[PDB]
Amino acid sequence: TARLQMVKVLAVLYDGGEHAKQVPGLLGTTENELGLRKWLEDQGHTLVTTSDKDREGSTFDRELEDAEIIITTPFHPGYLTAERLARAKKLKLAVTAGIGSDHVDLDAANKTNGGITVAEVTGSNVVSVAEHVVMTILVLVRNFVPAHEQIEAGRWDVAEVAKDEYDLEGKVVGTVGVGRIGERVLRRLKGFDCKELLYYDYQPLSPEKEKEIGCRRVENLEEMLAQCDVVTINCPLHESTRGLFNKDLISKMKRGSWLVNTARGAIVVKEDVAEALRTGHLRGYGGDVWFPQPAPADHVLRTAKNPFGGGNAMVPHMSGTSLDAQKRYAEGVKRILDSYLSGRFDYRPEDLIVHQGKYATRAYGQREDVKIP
């Protein structure tokens, strides 16, 4: 089979500065280029890498016009808008170094250059994220942040921070989405003797997995939220989840409940989360995802607190780019590139989001006209 020749690859990755020189395990950076440069160049392909992706006349905007393959990463996402896709005359393959391709306008991608392939490294960092969810649940429930601040400030007042400290044992935790991440969140929660583990997804777990993990499907989202002490969002960003967690839906959660979001920032309405915290309807919010990214320096969820001055466990978008995760998604990007560059187009079907002008996944909403290859 004839290999494709002299393919222009454009990678939009985060700037690792001195960190990426000092810690070579930062593969997903403009410095280390996912370990791809020599492997591409030895085949006669070219690689252009940038972190400059947001401003008018950005390097991304110039280079995308003749890139055949565009590698993006959700931690520093080159937004492939309809406007940009219309200028990307050579684009055939959009590879996400990570999981979650919602920074691509997938409807526009299906109408671009005959229908481009949008692929991501399915399963590469799902464990990383599930760990981060459980961590964030415990940090919020146990009131870690203001307690650690009290220590670093030289203070000592056990009652001040114990007054909002709970145990996770005996609490009800619900996941929105029970795919690779949500299932792994419930598998890590099992050992904590929560009162119940609940999920909401139009793609259910098998009865065998329900019994093994010890969890229950709730058919209505609002009915699940009303039963939970903790809610974790683990679904992709698509038209029906954008702004899903607005004031009306957050009002269905219990007063004093804890919300975790390691999915996508735009699934919540940031002002509505900030207001719920401000009034004490939420005890806490945490996670690692923001809209847009980089998160603006004045984004309200950097500093929003509950009425006790706690309840914020936000971090930069990092869970999916742990050093352990990066080794796996760097390897997976190479595998997806090799499928295309070899001329075999022998993608893992689970890596495909859109392909040949159609959605190739069930996970971006309940659709007609999905073609699983």
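The first residue of the sequence shown is number 1, and the count goes up from there.
Between 291-299 and 129-137, the higher mean Cα B-factor belongs to 291-299. Comparing 108-116 with 247-255, the higher mean C-alpha B-factor in the PDB entry belongs to 108-116. When the C-alpha B factors of 90, 180, 281, 209 are read from the deposited coordinates, the top value falls at 90.
Each of 317, 45, 327, 305 has a CA temperature factor in the record; the biggest one is found at 45.
Annotation for residue 157: CA B-factor lies in the middle third of the chain's modelled residues. Among the modelled residues of its chain, residue 149 has a C-alpha B-factor that falls in the lowest third, as given in the PDB entry.
For residue 311, the recorded CA B-factor ranks within the lowest third of the chain. Only modelled residues enter the ranking. The entry lists a Cα temperature factor for residue 59 that places it in the highest third of the chain's modelled residues.
Placement of the Cα temperature factor of residue 337 within the chain: middle third of the modelled residues, per the deposited record.
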